[PDB]
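Okay, structure first, notes after.
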């Protein structure tokens with residue numbers, strides 16, 4: 018046991034652990050960056066979808082929250098292309114929650 | 018709000034609710050699957066790499082466990098190409114451990 022537990026003062030240990038640390042870093046980074054690329058499209062797409070409805074990503078979000086609708090950007094973005102009419106409903110239910118005087 | 022919380026028996030509900038579930042089933046299937054192609058990739062390399070040292074994926078995993086070495090096949094398949102030498106050192110530790118008189 019030298020890589021699972023107990024950090025030997027071994028000459029070989031120091032080298033193997035260094036390799037383990039480099040695997041961890043590179044992977045962790047690809048994950049985060051890959052994940053950043055998506056969140057990027059999710060918002061680009063959602064904004065673009067509510068344009069024709071007189072809204073922008075910012076207003077659609079701060080509106081969804083005051084209507085009690087709990088949905089993620091990956092779900093939002095998906096719906097807009099999978100079921101366009103259902104997507105329209107959420108928007109209306111949000112325009113209703115917003116425009117109230 | 019036939020989406021976030023409270024499942025009102027309206028036309029909107031069912032429609033928007035089916036949409037959510039479809040977005041969920043799809044994104045879930047892609048993860049599982051993508052996570053499944055890699056799992057196969059890893060094992061295929063680690064095997065081919067432990068080849069010349071006189072072992073296969075099976076024996077190498079049995080050894081990693083008798084020597085108390087907790088490393089992922091994700092980490093493993095990484096080291097095998099990033100630091101071939103350090104990899105050799107884990108091999109030699111498993112092989113050693115393995116033979117007992």
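Protein chains in written order, with the UniProt record's numbering: chain A, 18 to 118; chain B, 18 to 118.
Ideal placement from N, C-alpha and C gives every residue a C-beta, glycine not left out.
Annotation: the continuous alpha helix (DSSP H) that includes residue 44 (chain A) extends over 28 to 68.
With a beta-carbon spacing of about 4 Å, residue 94 (chain B) and residue 59 (chain B) fall inside the 8 Å limit used to define contacts. Taking the C-beta atoms as reference points, residue 114 (chain A) is found no nearer than 8 Å to residue 62 (chain A). Residue 69 (chain A) is classed as exposed because its beta carbon has fewer than 16 other beta carbons within 10 Å across all chains shown.
Straight-line spacing of the CA atoms in residue 112 (chain A) and residue 28 (chain B) works out to 18 Å.
Here residue 108 (chain A) has 67, 70, 72, 77 as same chain residues with Cβ atoms under 8 Å from its own Cβ, once five neighbours each way along the sequence are excluded.
Under the Cβ distance rule, residue 106 (chain A) counts among the residues neighbouring chain B, one pair being separated by less than 8 Å. Closest in C-alpha terms to residue 43 (chain A), from the list B:91, B:25, B:117, B:101, comes B:91. The beta-carbon of residue 18 (chain B) is placed less than 8 Å from the nearest beta-carbon of chain A. Judged by their CB atoms, residue 49 (chain A) and residue 33 (chain A) are not nearer to each other than the 8 Å cut-off. Within a 10 Å sphere around the beta-carbon of residue 83 (chain B) sit fewer than 16 other beta-carbons, which makes this residue exposed.
Residue contact check for residue 67 (chain A) against chain B: no CB pair falls below 8 Å. In this structure, DSSP gives residue 102 (chain B) a helical state, which the three-state scheme calls helix. The beta carbons of residue 37 (chain B) and residue 81 (chain A) sit no closer together than 8 Å.
Taking the C-beta atoms as reference points, residue 85 (chain A) is found nearer than 8 Å to residue 18 (chain B). Neighbours of residue 87 (chain A) across chain B, judged by C-beta separation under 7 Å: 21, 22. Here residue 25 (chain B) is exposed: its Cβ has fewer than 16 other Cβ atoms, across all protein chains shown, within 10 Å. Boundaries cannot be given for residue 86 (chain B), as no alpha helix (DSSP H) includes it and DSSP labels it neither H nor E. The DSSP-derived three-state label of residue 114 (chain B) is helix.
Residue 23 (chain A) carries a coil assignment under DSSP once its states are collapsed to helix, strand and coil.
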